[PDB]
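Architecture and fold: a report
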Amino acid sequence: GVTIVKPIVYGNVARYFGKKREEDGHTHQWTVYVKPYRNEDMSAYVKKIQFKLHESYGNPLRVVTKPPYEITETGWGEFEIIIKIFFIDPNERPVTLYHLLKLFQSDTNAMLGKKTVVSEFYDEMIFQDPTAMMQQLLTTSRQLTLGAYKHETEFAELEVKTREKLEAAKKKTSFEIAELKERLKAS
Amino acid sequence: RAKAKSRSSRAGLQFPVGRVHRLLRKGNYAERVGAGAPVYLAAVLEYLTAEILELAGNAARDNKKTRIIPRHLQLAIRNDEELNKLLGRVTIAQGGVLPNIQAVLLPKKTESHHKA
Amino acid sequence: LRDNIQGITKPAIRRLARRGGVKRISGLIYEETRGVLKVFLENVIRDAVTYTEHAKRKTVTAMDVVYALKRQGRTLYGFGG
Amino acid sequence: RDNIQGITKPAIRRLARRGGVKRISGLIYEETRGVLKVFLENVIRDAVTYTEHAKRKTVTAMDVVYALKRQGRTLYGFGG
Amino acid sequence: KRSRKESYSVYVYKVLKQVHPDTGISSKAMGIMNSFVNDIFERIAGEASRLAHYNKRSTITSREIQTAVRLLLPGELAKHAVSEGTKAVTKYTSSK
Amino acid sequence: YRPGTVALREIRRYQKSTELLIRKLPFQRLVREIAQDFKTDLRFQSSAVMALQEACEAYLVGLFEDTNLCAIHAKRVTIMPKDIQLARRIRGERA
DNA sequence: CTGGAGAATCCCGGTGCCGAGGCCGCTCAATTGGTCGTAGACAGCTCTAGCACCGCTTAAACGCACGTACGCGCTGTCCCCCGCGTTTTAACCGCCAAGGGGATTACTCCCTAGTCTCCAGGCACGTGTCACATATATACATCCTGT
């Protein structure tokens, strides 16, 4: 009768090189990742997360161990990445996630000239009737970082949300300086 | 009282026999240090320092420098057969290993006349 | 943290090998070098923090690192004062 | 005297067999003899120094134990 | 309220100048030389202490230090240090 | 050129000079991350970090020398992982 | 790939030899009880680094492209270690004198060394300059332009 929910967020960010590789054939540097929504260390209950990429790569099955869980790799096309989350408790069934590697922008986002592509989805790992050890591990998770934790799902809108404040404050300071100090010098 | 004479001057050593004996008596190395132990220790320290300084100055003069630097100390320690045996485990900050000569590149391969 | 062991890039390991007389370096040598340097730093910093905590101090002094290296047989001159 | 040949070919062969070796080169014996001679010379020099310091005429086993301890070869079974 | 720390820079620069009048030494080279001095000090002291302890002796004497110098310094380096120490002891007891 | 030139000149140069081959800033973050696992909110004196870097560089130079020797042992000029592995095993670090 | 031998192990039970264990009897060394200066611990106080940034500059790390050079496998064949049987020899004895060579114990004794003073001079610290590095007038010095 014990149910513990661990919210997570998985996805990938991609950056366009601006030109296709000379002889390789890659166009975007992308980083698939799995990270928690709440500021907590997932490794307290996660043993390893495997990322099975396309067979075209030398090693399709990547692995990570610690709270980040990101592999940086370059590619040329979009494909489905199978993410399998293994827990410390071997009696707990691993969780399998399916994420579509997104590298290209939509026409609307392309017209905006934004360089970074982002696609991560909100998810929750439901542990129904977990073992005593797994329950303790889930309940004893510590905080990961001292700062805040954020997500840029789409980014198209988060960039505008950030700019509306950043550029506003920057322009206000620039004006307060230029309009006032020149007249102060005039006096 | 009579003009006090230090123990470094009596024996004829530059390093401090007094400070040596001081570190020894309250260093817990023994219960009652002998009067001659510190003299001998300071003498050996002085001899080793003089030797390494001679070698470092020789290396500096060979390198056309006036101020001794970790480079010279490392070179001197690794060139001498016995000092390297004594200081094999030691590492020195801002030091370096003995280098190799690049003259071997010239009579094997260099840039050709192609678009020179 | 943000995978700081990767802060030792290929040029640095290549320079270290050059100084060590190495003539040519393989591709996988860099991972082995980062893993060996990591293991060495682990022991050194463990000894240093053991000397520090015992002193009830919040700062890892240079003398702590010197004593740690001296325990490993890696006596280091230059920071004795 | 020159009795360093007391460490004969079969002795070195057995010492190597104990070390996992199954095939030894011909020139291995004259090198092993020199290595063992140097190791001895060193340990025996240390032991003789320890003995002369004690004003004793006999090189006790504990002196050999200390000499080995100096070289890092701590030998248990003889006193320390 | 001063927190003074000691060093051998005073006896090493003197030794340097007496053996190399024209050649100086940098501050970091001086620190390295002081570290070497302290390391050899510790080595000789520990060796003499252990040697005295082996003979059930509670006092480190000049003989213990002499044998420790014989043991530590390798090949044709010990002899010179032993001779210097003996000549300094003989000139020290002679009240000169 | 090819495998035979600039490596030798780089050897000569980096052996003549004695500057720190590893960058200070990236190595400091590595040291702090390694220390994190022992004591939270730990401070390090600059000289301590410099000494750590010097010791690490010296150890790595010695390891690469022993590894260059292992590579030459097998009639090879390139140092492979098994070379470093053998150097460490005979050293007694990972026997 | 089995047979078919054929040695090598290796169960497995047996049997005295002698080290392992135990018990006894003192000796000595850890405990007890109590006094007595330190050790260091802890409560402040100071101010030195340590950390944390931020900006500008650019070396440098880095990815890519592109051969060449070195790595690995293959092959041939040809020396030099292995396996094993014979002659050699050194390593065990045993012998036959008659006594010491040297660690070990012990007792005076006595120089040497701790302890504990008071001092004063010699070595950490503050300050005075001088060798090398830095940034800027300058007297021409090379294109550009009236002419």
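In the nomenclature of the PDB entry, chain D corresponds to Histone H4 from the organism Homo sapiens. Listed as the entry title in the PDB record is "Structure of nucleosome-bound SRCAP-C in the ADP-bound state".

As recorded in the PDB entry, chain C goes by the name Histone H4, listed as coming from Homo sapiens. In UniProt, chain C has this text filed under Sequence similarities: "Belongs to the histone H4 family."

Right, let's get into the protein's contact with DNA strand G. Around DNA strand G lies a shell of 41 residues, among which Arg-21, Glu-22 and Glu-23 of chain A, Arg-32 of chain B together with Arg-2 of chain E are the nearest. For DNA strand G, the backbone portion of the atoms within 4 Å of the protein, that is sugar and phosphate, comes to 95%. The contact in question runs from a phosphate oxygen of DNA strand G to an N or O atom on the backbone of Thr-78 of chain F, over 3.3 Å. Within the residue set of the surface near DNA strand G, elements represented by two or more residues are helix 1 (10–19) of chain C, helix 1 (9–19) of chain E together with strand 1 (43–44) of chain F. A per-element tally of the surface near DNA strand G places helix 1 of chain C first, with three residues. By residue class, the composition of the surface near DNA strand G is nine nonpolar, nine polar and 23 charged.

Okay, the packing of helix 2 (residues 29–54) of chain C against helix 3 (residues 46–73) of chain F next. Helix packing for two helices is described by the angle between their axes and how far apart those axes are. Between helix 2 of chain C and helix 3 of chain F, whose axes approach to 11 Å, the crossing angle comes to 135 degrees. In terms of orientation, helix 2 of chain C and helix 3 of chain F fall into the oblique class. The two elements helix 2 of chain C and helix 3 of chain F meet at a crossing, and its hand is right-handed. When helix 2 of chain C is examined against helix 3 of chain F, the residues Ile-29, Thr-33, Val-36, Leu-37, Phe-40, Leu-41 and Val-44 of chain C are found in contact with a partner set consisting of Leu-52, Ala-55, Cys-56, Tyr-59, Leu-60, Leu-63 and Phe-64 of chain F. Taken together, the residues of the contact of helix 2 of chain C with helix 3 of chain F break down into 13 nonpolar, one polar and no charged.

Attention now moves to the interface of chain E and chain D. Facing the nine residues of chain E at the interface are nine residues of chain D. A combined buried area of about 920 Å² lies between chain E and chain D, and 57% of that area is made up of carbon and sulfur atoms. Per-residue buried area on chain E facing chain D is highest for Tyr-54, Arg-63 and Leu-71 of chain E; these three make up 60% of the total on that side. Summed over the shared surface of chain E and chain D, the number is one salt bridge.

Right, let's talk about the pairing of strand 3 (residues 46–52) of chain A for a bit. Residues and elements named next belong to chain A. When strand 3 meets strand 6 (residues 80–87), the two strands line up antiparallel, connected through six bridges. Directly across from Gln-50, in strand 6, lies its bridge partner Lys-84. Here strand 3 pairs with strand 4 (residues 61–64) via four bridges, running antiparallel. Paired with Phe-51 across the bridge in strand 4 is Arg-62.

Looking now at helix 3 (residues 156–186) of chain A. Taking 1.5 Å per residue, 31 residues should reach 45 Å; helix 3 of chain A reaches 44 Å between its end C-alpha atoms and fits that length. When the local axis directions of helix 3 of chain A are compared, the greatest deviation, roughly 30 degrees, occurs at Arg-163 of chain A.

Moving on, we come to the interface of chain E and chain B. It is common to give the size of an interface as the accessible area lost on bringing the parts into contact. Across the contact, 55 residues belong to chain E and 53 residues belong to chain B. Summed over both sides, the interface between chain E and chain B buries roughly 4900 Å², with carbon and sulfur atoms accounting for 72% of that surface. Remark: the boundary between chain E and chain B carries one salt bridge. For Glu-6 of chain E, the salt bridge is made with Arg-22 of chain B, and the minimal N-O distance between the two is 2.6 Å. Applying the counting criterion to the chain E and chain B interface returns 18 residue pairs in polar contact. Counting only elements with at least two residues in the side of chain E that touches chain B, the list comes to helix 1, strand 1 (24–25), helix 2 (27–54), helix 3 (62–72) and helix 4 (78–93) of chain E. Grouping the amino acids of the side of chain E that touches chain B by side-chain chemistry returns 28 nonpolar, 18 polar and nine charged. Pairing of strand 1 (residues 67–68) of chain B with strand 1 of chain E involves two bridges; the strand directions are parallel. Considered in strand 1 of chain E, the bridge of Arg-67 of chain B is made with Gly-24 of chain E.

Its identity as a non-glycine residue notwithstanding, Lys-55 of chain D has a phi of 60 degrees, on the positive side. Mapped onto the secondary structure, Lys-55 of chain D falls in the loop between helix 2 (28–53) and helix 3 (61–70). A positive phi angle is found at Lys-56 of chain E, which is not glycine, with a value near 55 degrees. For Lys-56 of chain E, the position within the fold is in the loop between helix 2 and helix 3. Judged by its relative accessible area of 74%, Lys-56 of chain E is exposed.

Attention now goes to the sheet that holds strand 5 (residues 70–75) of chain A. All names here are of chain A. Strand order in the open sheet formed by four strands is 5-2-1-8, and the pairing between neighbours is antiparallel. The open sheet terminates on both sides in strands that have one partner only, identified here as strand 5 and strand 8 (116–128). The average undirected angle you get between the axes of adjacent strands in this sheet is 15 degrees. The strands touched by helix 2 (residues 132–139) are strand 1 (3–16) and strand 8; relative to strand 1, the strand with the most contacts, the crossing angle is about 60 degrees.

All right, on to the pattern of salt bridges then. Tallying each qualifying case throughout the model produces 26 salt bridges over all chains. Of the charged contacts in the structure, one is a salt bridge between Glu-76 of chain E and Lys-79 of chain E, with a shortest N-O distance of 3.1 Å. As a salt-bridge pair, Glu-93 of chain F and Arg-88 of chain F come within 3.2 Å of each other at their nearest N and O atoms. Each of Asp-46 and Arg-70 of chain D together with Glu-47 and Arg-50 of chain E takes part in one network of salt bridges that share partners.

For an α-helix, 3.6 residues make a turn, and residues three or four places apart therefore share a direction. Turning to helix 3 of chain D, its buried residues are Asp-63, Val-65, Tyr-66, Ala-67 and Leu-68 of chain D. In this structure, the buried residues of helix 3 of chain D make contact with helix 2 of chain D together with helix 2 of chain E.

Attention now moves to the sheet that holds strand 3 of chain A. Residue and element names in this part refer to chain A. An order of 4-3-6-7 is seen for the four strands of this open sheet, with the pairing classed as antiparallel. Lying at the two open borders of the sheet, with one neighbouring strand each, are strand 4 and strand 7 (95–100). Across the sheet, the mean angle separating the axes of adjacent strands is 20 degrees when strand polarity is ignored. One ladder, built from six bridges, connects strand 6 with strand 7; its direction is antiparallel. Paired with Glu-80 across the bridge in strand 7 is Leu-100.

Before going further, it helps to spend a moment on the packing of aromatic side chains. Residue and element names in this part refer to chain A. Using the criterion set out here, one finds 15 aromatic pairs over all chains in the structure. Judged by centre distance (5.1 Å) and plane angle (75 degrees), the ring pair of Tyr-37 and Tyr-122 falls under edge-to-face. Here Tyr-37 is found in the loop between strand 2 (28–36) and strand 3, whereas its partner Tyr-122 is found in strand 8, with 85 residues between them in sequence. With a relative accessible area of 43%, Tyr-37 lands in the partly exposed category.

So, about the arrangement of the chains. With no contact formed, the shortest span from any C-alpha in chain A to any C-alpha in chain D equals 37 Å. The two units chain E and chain F remain apart, with a minimum C-alpha distance of 12 Å.

Each value, and the rule that gives it
- Residues numbered from 1 in each chain as written, not as in the entry; some residues may be left out.
- Chains lettered and ligands numbered in written order.
- Part of a larger assembly, values for the part shown.
- Heavy atoms only, no water.
- UniProt positions renumbered as here; feature names shortened; annotations may be inferred.
- Near = heavy atom within 4 Å.
- Polar contact = N/O pair within 3.5 Å; in protein donor to acceptor, adjacent residues only side chain to side chain.
- Helix = DSSP H or I, 4+ residues; strand = E, 2+ residues; numbered from the N terminus.
- Nonpolar A, V, L, I, M, F, W, Y, C, P; charged D, E, K, R; others polar.
- Axes fitted to C-alpha atoms, helices over the stretch in contact; angles between N-to-C directions.
- Parallel < 35°, antiparallel > 145°, perpendicular 65-115°, else oblique.
- Left-handed = near helix turned anticlockwise from the far one by under 90°.
- Contact = heavy atoms within 4.5 Å.
- Buried area = accessible area lost by both parts, 1.4 Å probe.
- Salt bridge = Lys/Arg side-chain N within 4 Å of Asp/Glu carboxyl O.
- Pairing = 2+ DSSP bridges.
- Expected span 1.5 Å × (residues − 1).
- Bend = angle between axes of the 7 residues up to and from the residue.
- Buried < 20%, exposed > 50% of the residue type's maximum accessible area, 1.4 Å probe, protein only.
- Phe/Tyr/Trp six-rings, centres within 6.5 Å; stacked < 30°, edge-to-face > 60°.

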